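To begin, one chain is listed below as structure tokens, in the form deposited in one PDB entry.
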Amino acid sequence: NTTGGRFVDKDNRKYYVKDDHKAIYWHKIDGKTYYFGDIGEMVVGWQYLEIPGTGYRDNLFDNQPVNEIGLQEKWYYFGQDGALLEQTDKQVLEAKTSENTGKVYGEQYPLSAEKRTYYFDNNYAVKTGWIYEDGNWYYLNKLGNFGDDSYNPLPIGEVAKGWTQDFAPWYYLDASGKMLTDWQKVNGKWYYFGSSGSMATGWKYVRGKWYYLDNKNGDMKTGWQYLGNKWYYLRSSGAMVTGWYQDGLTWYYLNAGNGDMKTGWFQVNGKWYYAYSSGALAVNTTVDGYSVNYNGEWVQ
């Protein structure tokens, strides 16, 4: 693509000069790809740059008009010689930090960070999103942090850990980035991630039992829960109860199918029972005149 010029050392930097003009941005020179930024300085190592190939940031020299278009940006790695790493699969590289990113030929060595595995797309840019590796799903960040002036792209392409949203469904990656599935206890509470990994919220039927995960935060509930102007009792295991349930000495009746707590007179196998407005089963007394025995049965 670019020819007739020659690399030059000057002012502690490396430039590519052709006819007294410093190349800028993306250039392909004799089988290798380089990036010279907005004024010519040759880059090395980790770089967050506008994507190449369009023409708006390619084959340009400081003696030319630069289109105001603001192109998408992604991470790229350049060798210490400024040559782009044309990887389409994976590479072990040092964790992107503030010290080892955006540097240029002529600057001192960064500061060791820690080696990590980075995956790449078919155009040599760091890959983002979900990936399945060695039997597990990992989420490679697609977004950076904050906005405009204080925007931070460092997180992009990194393996996510802990609670993470996918832009929104929530997921939880373990200490090594592994996405959890099914029942998992996190911070002492239970969560159900099903088989796809997305966090369940609200009511969920799992293995023949009903459970209620916080409609917002997803954490499994237990004990008495007032849901939808109805009471339900969830065992310590979280599983919903149906039928008779004794809390202390007080009895309650959870609807045989839906599970909601009953109040008022109700029948169970022909026999009549009465529950107060709190659910407490009436026993050995009279209810509006009708006698109820020790089992709460309406006797004559």
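By rigid core we mean the largest C-alpha set that fits within 1.5 Å across both forms. Sequential numbering from 1, following the sequence displayed.
There is also a form deposited in another entry; it is not shown, and the following applies to it.
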Review point. So which residue among 156, 104, 131, 179 shifts its CA at least 2 Å between this form and the one not shown once the core is superposed?
Key: 104
**Study point:** Large Cα move at residue 237 between this form and the one not shown, threshold 2 Å, rigid core
**Key:** no
Exercise for review: Taking the rigid core as the superposition reference, indicate whether the CA of residue 113 shifts 2 angstroms or more between this form and the one not shown.
Suggested key: yes
**Study point:** Rigid core superposed: residue 147 CA moves 2 Å or more between this form and the one not shown
**Key:** yes
